[PDB]
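Single-structure report; data block below.
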Protein chains: 6
Amino acid sequence: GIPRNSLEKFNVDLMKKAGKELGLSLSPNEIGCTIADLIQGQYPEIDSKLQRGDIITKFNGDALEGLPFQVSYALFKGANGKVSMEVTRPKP
Amino acid sequence: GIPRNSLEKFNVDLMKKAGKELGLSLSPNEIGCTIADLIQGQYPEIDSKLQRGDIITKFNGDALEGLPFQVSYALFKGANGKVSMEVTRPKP
Amino acid sequence: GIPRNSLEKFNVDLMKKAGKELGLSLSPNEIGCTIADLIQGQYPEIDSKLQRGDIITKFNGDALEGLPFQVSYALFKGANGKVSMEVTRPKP
Amino acid sequence: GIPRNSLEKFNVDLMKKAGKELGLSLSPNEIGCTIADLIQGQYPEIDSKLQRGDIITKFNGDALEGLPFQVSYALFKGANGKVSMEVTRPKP
Amino acid sequence: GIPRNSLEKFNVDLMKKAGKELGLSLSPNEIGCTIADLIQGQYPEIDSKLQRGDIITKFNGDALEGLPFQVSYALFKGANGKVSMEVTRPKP
Amino acid sequence: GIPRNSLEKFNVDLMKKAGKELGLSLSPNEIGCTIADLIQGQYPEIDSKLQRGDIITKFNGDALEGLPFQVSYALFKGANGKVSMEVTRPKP
């Protein structure tokens, strides 16, 4: 199936100061976790970089492609301290 | 891939009184059907328990994980009488 | 898993006059690409036929079922001239 | 991904008998169940029409594409008498 | 899709030794890794309990269902000593 | 899921000849096509470099990861001359 490309990525790094739900509502797919909701974030990173529909493809170094949601969800839930995410905006 | 957990679930039971689209717009994924739209439901259950982005993981006893959407869609379409759903809210 | 059906489809044909993002924000799944966003389209077709949550199942003749998003995304990105899409509205 | 073929299918029909296993070890995949191994001498129809590597795509009327192995396996295990399968030999 | 069985699991335990490969060729699938081929004579436990076509579903405590093969394979490759597997024999 | 390896790849190159089948029975999976079975004696390069269980991951320049088998199979079937494959031997 010849045509195949990138999916340009951008980073979103934040500090997980306990007492905060990242605010991200997620949806699992083959390439990562789709953002369903983003209640006006609490990280300049999320607020000025993320939007509904964006797909988080890597979390703290772990590629999310192909991972069962039970695994990816656990990764997000265990976020403590410096959180770093790679994201792609699927708008051809 | 060590970290792996639950996905806490909650139930939504309603009475399928003919003449009503459940109002649920769906999206298929590996763990179930994602709710795309929920036009102000017509079941105290849906209205006070469901939101866009929630994932229905079981319908009338049939687990939706891994099912082709052609199958899950048919299950919803054939809903008649007591409808019972297990749902998870993917917000780490 | 006995129950299995159709997914009625409808078409959306437009003219790709350069200088326009189709405006479609996409989400990959097993049957096609889910529309995440549809900024008030620029094609009578998209504006009067598409809505958030709809799933594009075929693009210019290529069925999108089972295709890696890296492939489908590339197909949309390379759209030039007469664009034809088959879509399904997942509302049981 | 342009090239996409419809696969050739042949039929295998037999009558299961108590105490006589089908003798097929199955491996699930997106289009059906691959015969990972088979014991010759169980049923004449299997010996005459099936070979290691063949992929069973329909079992007693139910299409196996996309089904979780827990469902496909249940279908095979639940057949006490008539067995009708559609199969493809994946040897390009 | 109503019929859906919980698969029978058996345990295989061994102590890996330097210079002695497990001798198993693996094929990934949704529930685990199918033993596509195996060389007899490597480990007594494999010779006594495993056969071509068996599907390894858990490896040293990690469930293999849904894992990308790049992860499952890494788990197998990383075992230098104790190996504990859960396995199912898919022969309906 | 932390552990995730990049798999070792080797090349297989041959010139297909009319009347001489490749002799490979393929089984689709997420990373490519497993050689479920193969008939020795067809091509010297296959006899010298391939074995049952090997997984073909690229065919004549097209990566096979994630492709529907209907597409991968079409690629193999469409090769009338030069055949260049990338392959991995999944034996941890």
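One residue stands out among those in the stretch D:1-43 that are in contact with a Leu (Cβ under 8 Å, 6 or more places away or on another chain) and of a type in the set (D, E, K, R): the one that is nearest to E:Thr34 (Cα to Cα), which is D:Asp37. The sole residue among F:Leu67, F:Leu7, F:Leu50 that is of a type in the set (A, V, I, L, M), buried (at least 20 other Cβ atoms within 10 Å of the Cβ), over 12 Å from the mean Cα position of the chain (by Cα) and closer than 19 Å to E:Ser27 by Cα is F:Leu67. Residue count for the stretch B:20-60 satisfying the condition of being in contact (Cβ under 8 Å) with a residue 24 or more places away in the chain and of a type in the set (D, E, K, R): 5.
Just so you know, all these numbers are worked out from the coordinates, no wet-lab data involved. We place every Cβ from the backbone using ideal geometry, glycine too, and count neighbours over all the protein chains shown.
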